[PDB]
A.B. asks: 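Below is a structure I'd like to ask you about.
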Amino acid sequence: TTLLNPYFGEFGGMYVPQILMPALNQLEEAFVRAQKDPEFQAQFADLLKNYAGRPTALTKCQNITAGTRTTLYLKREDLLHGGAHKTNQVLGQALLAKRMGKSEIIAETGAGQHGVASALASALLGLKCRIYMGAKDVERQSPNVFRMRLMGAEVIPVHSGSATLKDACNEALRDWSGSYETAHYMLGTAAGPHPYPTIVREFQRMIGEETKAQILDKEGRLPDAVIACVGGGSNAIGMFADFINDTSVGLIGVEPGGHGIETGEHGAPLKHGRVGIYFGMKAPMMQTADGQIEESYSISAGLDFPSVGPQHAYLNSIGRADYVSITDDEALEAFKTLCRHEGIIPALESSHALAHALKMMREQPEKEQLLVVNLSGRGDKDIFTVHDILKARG
Amino acid sequence: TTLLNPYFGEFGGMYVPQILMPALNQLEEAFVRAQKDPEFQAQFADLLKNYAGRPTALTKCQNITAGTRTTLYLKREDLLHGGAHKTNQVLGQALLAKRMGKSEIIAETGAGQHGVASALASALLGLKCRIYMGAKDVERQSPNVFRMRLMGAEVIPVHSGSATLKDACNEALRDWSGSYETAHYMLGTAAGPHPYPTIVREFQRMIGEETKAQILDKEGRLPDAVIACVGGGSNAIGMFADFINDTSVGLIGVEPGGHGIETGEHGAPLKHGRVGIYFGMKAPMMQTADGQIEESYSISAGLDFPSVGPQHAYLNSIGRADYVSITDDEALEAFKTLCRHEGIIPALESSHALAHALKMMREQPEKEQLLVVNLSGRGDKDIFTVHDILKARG
Amino acid sequence: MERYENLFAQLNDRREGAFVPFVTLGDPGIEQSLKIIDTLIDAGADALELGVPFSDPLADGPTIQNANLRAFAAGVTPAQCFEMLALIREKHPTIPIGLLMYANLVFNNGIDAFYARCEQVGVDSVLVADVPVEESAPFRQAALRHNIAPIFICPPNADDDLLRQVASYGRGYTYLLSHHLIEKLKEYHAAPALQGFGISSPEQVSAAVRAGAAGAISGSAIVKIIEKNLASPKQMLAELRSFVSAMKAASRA
Amino acid sequence: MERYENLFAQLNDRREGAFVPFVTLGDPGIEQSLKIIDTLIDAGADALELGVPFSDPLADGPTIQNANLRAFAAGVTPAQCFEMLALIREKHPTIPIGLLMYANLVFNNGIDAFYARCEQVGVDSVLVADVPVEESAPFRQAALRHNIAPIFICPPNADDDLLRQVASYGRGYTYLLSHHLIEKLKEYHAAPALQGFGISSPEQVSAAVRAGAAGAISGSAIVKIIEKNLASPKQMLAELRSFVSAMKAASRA
Ligand SMILES: O=C(NCCOP(=O)(O)O)c1ccc(OC(F)(F)F)cc1
Ligand SMILES: O=C(NCCOP(=O)(O)O)c1ccc(OC(F)(F)F)cc1
Ligand SMILES: O=C(NCCOP(=O)(O)O)c1ccc(OC(F)(F)F)cc1
Ligand SMILES: O=C(NCCOP(=O)(O)O)c1ccc(OC(F)(F)F)cc1
Ligand SMILES: *Cc1c(COP(=O)(O)O)cnc(C)c1O
Ligand SMILES: *Cc1c(COP(=O)(O)O)cnc(C)c1O
Ligand code: NA
Ligand code: NA
């Protein structure tokens, strides 16, 4: 039994080996206790404000919407310490780990961003952090690996399987099953077994809460729609959460279309995958007709999660949220457009969300609409990727 | 004649060719007018808040001071849009340019940070930006050059002279002398001819103003000392300004010591240079016994200005502010220490300020002192530099 | 299910424990795997636990991880695994055959359809590694509907509620991960317990039986013999036969 | 100072303008520079404007920028420049010699000491490029104390206040950057005006004199001849002689 519902409709659950259930149950109870503890909330708020830099700005982009009836605001998570929204929830999970009396952190990472976030939170809060990363990703993300080590984290390369994220995830769990008494597994997105989808959403919901307060202050009304990219689903659910009961506000999640849905080389399991059971949850995923898990492709490494958070699959099923996809080229165009017109370099992940907002504006330029795009992170890290591509095309 | 005093004691002035005086006089008048214009102040405040992300946090660093009686706070300019304090003043200067009816911006840059800042401000405010950069720096700062171009700025390599910063400065001025009617020269530090030292200080003083309000709120008293690195002098004077009349607050500026003052390979003209006239001002500078201008060396490219702002030279002369130096190795140690103990990667420039605070703490661990270090920028940009050095030493 | 009941009844009459080896189907190839399995049986295996290659075996250590990789290098698919199972059953009518599965391979084409296929080829039990008792309802229901025993893991620290659940929901045998637990399981009338995890020597088999367990399961130790003799198929079988006969001997009275 | 007064009085009696070439001292080398200067004088130069190599000539275009670089490649220093000046004066007693300086080289070892050195070697005027009239006090005072004429630039858009200042503070000649200005300068009794910047053809020299100016200054045009004939020292002098004689001819009545 559990204190909270592990499911969002048919999606979610706790599909892990029996040996890990005590760890999940312990975590759920600690979370429930922490959420009703004023002291925990005060400490979390203090770190978010004085260390991470919250609240983040809500920037109106007047140049990019010129000539149309679209008003666009960007929620600036790119201004958060670390350069991405990931920082919010790792701070919350780090505090939960300490609440449970743990002094060690286990984390998995693909593009290396969650690894860096986990490392910085652990350094700040005095936790011993060990990070599992696929050997392939370790070689492709030399910068992030060095950042993790600079912050005192132990980085462990994973060669098993395709030597990527999913393989790093499996290795992190194996470790945790035998060390959960003293170590907490800091999952990096709103997915995986309950209670993670719920915990990550709650530790990211300040994104939407601040956005609501800021948009009401600046426009005197709610957005017609809030748009966010969806890799695993944390920044999107963080933005969506506080607006779920505001039925007039559209919730639009953007999955990576890669080279195009029809090419099969994409990362859009929610709308183009098939429900399966993996990563400890029942959710849409990239898989063969046989049931073997595949990989998600995207120009943006941060959106390469072959599945998606269960709450997103649920919100989609009941029609509360709509999900679309944006290709590598559309994301690249949005990236270049924001740089040139607003002086902000967006993460390629976030560029997918912006690209869809630009499409909403351009396709119907006379449609009056107030949109908010969650700028999940900054794109200084993507400069080389964009440069090589542009050059490769002359 | 001028509206404001061009001198700080014997330092400062307007040592430029007669042809450029009208441009300086125009700028001074526009600035004076803008400072008493509530609308200009409101627009500047709006950009700082909703675009740049002000106010920035004041972070207490408890881990790093453990075992001592030092309490250390870091003013988080690293959280400012762009990753450095430079953003504050480029936004102000961009608004001044528009106030004067100009649609073009001319900027000089060495490490490329000011170039990036000028480019982002110009992109946001619809200004045509052209940046002069020494060919040597262009080749060494490929990332920043690409960022500038991504934001629509025209980057012009300068081969004349030592093909570095000082040479880029000269070329920017030549252009301006014949285009000031439609173009504004966005100088990047609190130096150069009047009114720049004054304008840059005023457009950076929110650093100190916020710090004062934040420290009073958190500690109920003023700092025993505020510490900042000094390349040209903008982030330091920005922090110092609001505390100048608070005589109990020490003002400590940190110049780069490079390989060591005794080696001659450093960038500490204020305390180890000789007064001269160059860059349009009378101030301490790196020069031969003959009067030829030399270059400042530092592991941190951002602190390679061979001179220093005139107000700093003045504050030093009357004993209001004290200036010291920190070597490459001391700065590197501070960089590694902040990463590991606070989960913050500081710019190598800022690491010089932190290194001195660490020295104040370590040399007299039982001395009760409340210190604030201006964390002028983030250090993600220095990862490669630090990595290569560490590796080179095994 | 019935095959397990018959096996344990017979073993009890002989006062001996069961020795159950585990191997990945298709490792290192379909043909060699079939030979490996026949050798295990001829050497003394009382029952078999067989794994179907899965892309992400997050419940397996390095040895088994590599077994799956070798199987995949051989192009082994679940469909081919079921063909192998059908043949194994056709060759050996009474030996209990249990599968070690990962949830997605069971859920993929429908849970009911998976267990129906198991019944069709002659499988006796299925242990789904990543399905805790808390999520087992649809799996154990489909298993029972097709006369397949749903196997559950009993952790060494399992509380009383879990012991009662495992005792009530499981059939065939209770998978006990490596005295009190064994006695409690018998008190709640749980399926006979087989100790698994880290069993690699004869003394461990005798110890398990002495502790009250009905037998022991050994996998990594078996698979290690396979991977260390990849270049020598004949020597591989010879060493497998020697290891299994030694392990089975340790279970006899 | 006095040399300029004598020159202009003599030129006025002959109803002609002055042609004043500019070159960087030591470009491309001490010896060749001394020869270049003697050629300029023998060819018809009425006065000379000489630059002392500086590390950052932010008031000079590419041509002069490279002249300084060449001088530095030759190891030319301000001290060597003053030695050259002493010799030039020893060879030519009446030709006015003006220096084009950057403030730091004047301020370096003391402003007063610099002008004293100028007087000692026989220099007649000094134009400090980066010192506007607003900052000129200490410079023009030291200049006058040592009988050196302080030269000031008069921009083509200079307002009335600036014209009055330049007229009052300057001596020797007023440097007019390229009709109304010239008349205003004479009205305020300013030093005779010499037009400079972009003067590269005989017609420009005659035009300047026709506009009321006392003469014209040409630098880049002269220096260009130097850099294009670096590999041919002899041809360099020949072409310099031809250019200067043509330019000087254009100033005669
Ligand atoms: O949380 C995610 N994986 C969960 C795997 O699920 P499970 O191991 O089943 O809980 C996940 C995937 C990538 C990530 O960050 C980054 F891209 F930066 F590497 C963070 C988290
Ligand atoms: O302002 C400074 N130079 C002034 C030169 O003075 P002047 O040209 O005489 O006004 C100056 C130097 C470097 C800079 O930024 C960066 F390091 F990033 F490149 C910004 C400004
Ligand atoms: O049967 C298998 N192991 C056999 C022997 O273990 P070993 O001898 O150590 O390889 C085996 C059975 C269940 C399993 O999933 C979970 F861990 F969740 F229970 C993993 C491996
Ligand atoms: O005398 C020099 N130029 C000579 C001829 O100019 P050109 O013929 O075009 O090289 C000359 C004189 C003053 C000067 O400084 C400042 F610009 F501030 F006035 C720069 C160059
Ligand atoms: C990690 C990352 C994402 C993808 O993860 P979600 O969990 O889907 O938010 C998106 N944007 C940025 C900048 C990221 O670093
Ligand atoms: C530009 C820079 C500096 C040096 O300039 P000042 O004008 O002396 O502040 C210091 N820190 C950072 C992060 C910078 O980018
Ligand atoms: Na995904
Ligand atoms: Na300096």
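Every chain is numbered from 1 and lettered A, B, ... according to where its sequence line falls, protein lines coming before strand lines. Hydrogens, waters and symmetry mates play no part in the numbers below; they use all other heavy atoms, side chains included.
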A.B. asks: Taking the side chain from A:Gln292 and the backbone from C:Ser55, do they hold a donor-acceptor pair closer than 3.5 Å?
C.D. replies: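 Looks like yes, one N/O pair under 3.5 Å.
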A.B. asks: More than 12 foreign heavy atoms under 6.0 Å from CD of A:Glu262: is that the case here?
C.D. replies: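 Counting other residues, nucleotides and ligands, CD of A:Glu262 exceeds 12 neighbours.
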A.B. asks: What is the minimum heavy-atom distance between C:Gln65 and A:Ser160, and which atoms define it?
C.D. replies: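 Closest approach of C:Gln65 to A:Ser160: OE1-CB, 3.4 Å.
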A.B. asks: Can you name the nearest heavy-atom pair linking A:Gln18 to C:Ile153, along with the distance?
C.D. replies: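 Residues A:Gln18 and C:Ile153, closest heavy atoms: CG-O, 3.9 Å.
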A.B. asks: About how many Å separate CZ of A:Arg174 and CG of C:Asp60, when rounded to the nearest 0.5 Å?
C.D. replies: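 It comes to 7.5 Å.
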A.B. asks: Which bit of A:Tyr278 is near chain C, if near means a heavy-atom gap under 4.5 Å: side chain, backbone, both or neither?
C.D. replies: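 Interface part for A:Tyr278: side chain.
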A.B. asks: Please classify the contact between C:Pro132 and chain A as side chain, backbone, both or neither, with a heavy-atom cut-off of under 4.5 Å.
C.D. replies: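 Both backbone and side chain.
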A.B. asks: Quick check on A:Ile293 against chain C: is it the side chain, the backbone, both or neither that has a heavy atom closer than 4.5 Å?
C.D. replies: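 Both backbone and side chain.
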A.B. asks: At what distance, to the nearest 0.5 angstrom, does CG of A:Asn170 lie from CG of C:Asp56?
C.D. replies: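 Between atom CG of A:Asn170 and atom CG of C:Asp56 there are 5.0 Å.
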A.B. asks: Decide side-chain contact (heavy atoms from CB on, under 4.5 Å) for A:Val275 and C:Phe107; before the verdict, give the C-alpha distance in whole Å, the side-chain angles of both, and the deciding distance to 0.1 Å.
C.D. replies: CA-CA 9 Å; A:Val275 180; C:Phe107 180 80; 4.0 Å; yes
A.B. asks: For the CD atom on A:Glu181, are there more than 12 heavy atoms of other groups (residues, nucleotides or ligands in this structure) within a distance under 6.0 Å?
C.D. replies: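 It does not: A:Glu181 CD has 12 such atoms or fewer within range.
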A.B. asks: Counting only heavy atoms closer than 4.5 Å, note whether A:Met21 contacts chain C via side chain, backbone, both or neither.
C.D. replies: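 Contact with chain C involves the side chain of A:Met21 alone.
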A.B. asks: Working to the nearest 0.5 angstrom, can you tell me the gap between A:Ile277 CD1 and C:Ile111 CD1?
C.D. replies: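 These two atoms lie 5.5 Å from each other.
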A.B. asks: Please state whether the side chain, the backbone, both or neither of C:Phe72 comes within less than 4.5 Å of a heavy atom of chain A.
C.D. replies: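 When you check distances to chain A, only side chain atoms of C:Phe72 fall under 4.5 Å.
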A.B. asks: Looking at every heavy atom in both A:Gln287 and C:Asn104, which two are closest together, and how far apart are they?
C.D. replies: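 Distance-wise, the nearest heavy atoms are OE1-ND2, 2.9 Å.
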A.B. asks: Which atom names give the shortest non-hydrogen contact between A:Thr1 and C:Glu134, and what distance separates them?
C.D. replies: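 Closest approach of A:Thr1 to C:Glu134: N-CG, 4.4 Å.
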A.B. asks: Counting only heavy atoms closer than 4.5 Å, note whether C:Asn157 contacts chain A via side chain, backbone, both or neither.
C.D. replies: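 Just its side chain gets close to chain A.
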A.B. asks: So A:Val16 and C:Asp130, side-chain contact (heavy atoms from CB on, under 4.5 Å) or not? Walk me through it.
C.D. replies: CA-CA 4 Å; A:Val16 296; C:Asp130 52 348; 5.8 Å; no
A.B. asks: Report which part of C:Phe139 has an atom under 4.5 Å of a heavy atom belonging to chain A: side chain, backbone, both, or neither.
C.D. replies: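 Side chain of C:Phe139 only, per the 4.5 Å heavy-atom cut-off to chain A.
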A.B. asks: Do C:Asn108 side-chain atoms and A:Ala289 backbone N/O form a donor-acceptor pair below 3.5 Å?
C.D. replies: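 It does hold such a pair.
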A.B. asks: Looking at C:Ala158, C:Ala59, C:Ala129, which has the largest count of heavy-atom pairs under 4.5 Å with chain A?
C.D. replies: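 Most heavy-atom pairs under 4.5 Å with chain A: C:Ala129.
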A.B. asks: Just checking A:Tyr314: does its OH atom have more than 12 heavy atoms from other residues, nucleotides or ligands closer to it than 6.0 angstrom?
C.D. replies: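 Open: at most 12 neighbouring heavy atoms sit under 6.0 Å from OH of A:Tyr314.
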A.B. asks: Check whether C:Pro156 gets within reach of chain A through its side chain, its backbone, both or neither, counting any heavy atom under 4.5 Å.
C.D. replies: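 Nothing of C:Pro156, per the 4.5 Å heavy-atom cut-off to chain A.
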A.B. asks: Crowded around C:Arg145 CZ? As in, over 12 foreign heavy atoms under 6.0 Å?
C.D. replies: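 Counting neighbours around CZ of C:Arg145, more than 12 heavy atoms of other residues, nucleotides or ligands fall under 6.0 Å, so yes.
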A.B. asks: Flag yes if more than 12 heavy atoms outside A:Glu294 fall under 6.0 Å of its CD atom; otherwise flag no.
C.D. replies: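 Yes, because the 6.0 Å sphere around CD of A:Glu294 holds more than 12 heavy atoms from other groups.
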